[PDB]
Structures are given as structure tokens and as C-alpha cells.
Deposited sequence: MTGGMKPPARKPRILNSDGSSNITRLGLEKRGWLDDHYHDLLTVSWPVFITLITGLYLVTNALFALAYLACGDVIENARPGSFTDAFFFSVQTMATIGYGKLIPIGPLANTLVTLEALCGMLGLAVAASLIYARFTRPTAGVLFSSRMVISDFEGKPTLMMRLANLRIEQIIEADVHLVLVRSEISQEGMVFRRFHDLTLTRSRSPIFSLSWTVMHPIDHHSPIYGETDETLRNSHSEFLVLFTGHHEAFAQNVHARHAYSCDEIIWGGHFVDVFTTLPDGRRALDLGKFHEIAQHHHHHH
């Protein structure tokens, strides 16, 4: 049973212990729920203004006396600023409510637009993670690797990547705990991430997985979390993506197949058809 899922979310059960987090919740409910809440508030406030006009008397021209329906639709036409001109206010009180309601309609528009824009400007990174990792020799050292691909044509600026080991350990005091290790990489920063990036942790005598095997990684229930971040040109915003691997998803001795190549007519090409392809020696 894996703790981190492939998408980087955790299976940990949160035991725990309406408006406690309202701004957050307005941004994170589904769009159908969000639009329902806006609509609900919009209908509720029109009904309240409708009652306000009735409480003043018959102050709506061409409205049936005592009709909530006519007062409601006049409220709509006032708050939305349609102002057809058949239902119009009569007297100081009605005209004062109109002045207040028009302000409420404008303020409600500002609020709704603010929330919509805050929901919109949360772009995704558009990054693809290799389905597996590998451990194989590179530049004289066994090296843990995975790789990333850009699925968009715009580039990502000052891109950072982390390979994070999560495992259970024992302190010299005998205390058992899970902790994370942000592994040392050959490249942790790419000034411009463009097409594809192979992320590499050389396993030298300082690596937390130095001397480890498939068996000893499972014994410590080791998992690997990958975080990618950068400033995406398409949005002028920071983006981030995550992924996680289990011990079952490390190919010991594996070598990623090159995705960069030179076509027969000479021009260099990227072939993401090979992105998840890994070569192994079969004995």
C-alpha cells in the first residue's frame, strides 16, 4: 500500500479535530457549486429588495399592488441596471432604495469578478513525468533518474526540480519516524526549461540511498516525490507539478531512450513517443 499516489497526493486518512474558511472555499468548490452560490445570493438579495419596496407601499409604477413578483423583477431590472422603463420607482423612498440597490449591483459585480479572476489565475504547469525512474551508471556513479517533458510550446523560466526521498528511519535514541531527504542533483535549476529534462541524483557515499537495494528500500517503505516549479511564459505566473514513485517503479539498470534525435535531413527533433521508453539488458 503506497502512501503517495502517482499524482503526488497522499493516502493518509485525516481523522481531524460553514464560513470558517469562506474565501478559500469559494475558490475551491466546483464551478457548478460556485455558480449556484452566486445565483443563490443574487436571487436572495433581489427578494430582500423586493420586500423593501413593498414595505414602502405601492411605489413601483405599473406594478400590481402588493405583488412580490412585480417588485422582484423590478429589483432585478434595477440591480442589473437594465431599466426597461415600464417598472419605475415612485417617491423618495423607492428612489433611495434604487440608489442603494444600484450600488449593491455594482459591488456584487466587483465581488463576483474578483472571485472568478482569482479562480482563473491558477494555471497548470503542463509538464509530463516519466512513468518510471531508473538507477544506472552515469559519469562513473550509479545514478537515480527520472525525466520531464514540456507539453506546451512556451518555455518555463528559472525552473527548479526536487527529488525527495521519503522513508521510515530510526534514530540512535530508538525513535521511529518518517522523514524526507531532498536529494542532491546534478542540475536542480534550469534557467530555461524548454522541451525535456532528465533529473539525476548521483548515488555517492553521501547519498541517503548509498548502498541501498530494492529490498532495503522496501524495508524502509521508501517512496520518491518529485516537485517541479518555474515561471511559465504563457501566464507570467509561477507553476508547479508533482509526481511520486514507489519501489515498484524503479528500473534498476534501466537507461532512458533518447527523445532527442537528428532527422535524416539533418534537423534536430524531439520524439516524445519514446518518453516513457526504458532499455534494459536481459541476462
item: Missing stretches, numbered from 1 on the deposited chain sequence and kept in order; value: 1-11, 29-32, 299-301
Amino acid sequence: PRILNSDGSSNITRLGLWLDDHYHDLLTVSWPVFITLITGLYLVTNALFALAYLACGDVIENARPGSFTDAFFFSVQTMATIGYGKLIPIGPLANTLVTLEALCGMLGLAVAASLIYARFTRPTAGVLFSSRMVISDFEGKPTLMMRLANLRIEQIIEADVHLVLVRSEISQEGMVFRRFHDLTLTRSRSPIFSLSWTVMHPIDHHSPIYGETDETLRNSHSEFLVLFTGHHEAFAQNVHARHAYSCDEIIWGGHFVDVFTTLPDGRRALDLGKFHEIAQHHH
From here on, numbers count along this sequence of modelled residues.
property	result
Greater mean Cα temperature factor according to the PDB record, 19-27 or 258-266	258-266
Entry-level comparison of average CA B-factors, 249-257 and 59-67, reporting the higher stretch	59-67
Candidate residues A50, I35, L225, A236, the one whose C-alpha B factor the record puts highest	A50
Largest Cα B-factor, entry values, listed residues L93, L144, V127, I156	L93
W197 - Cα temperature factor, lowest/middle/highest third of chain	lowest
Third of the chain's Cα B-factor distribution that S168 belongs to, per the entry	middle
Chain third (lowest, middle, highest) by recorded CA B-factor, residue given as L4	middle
Third assignment of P191 from its chain's C-alpha B-factors	lowest
Where the record places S220 (Cα B-factor, split into thirds across the chain)	middle
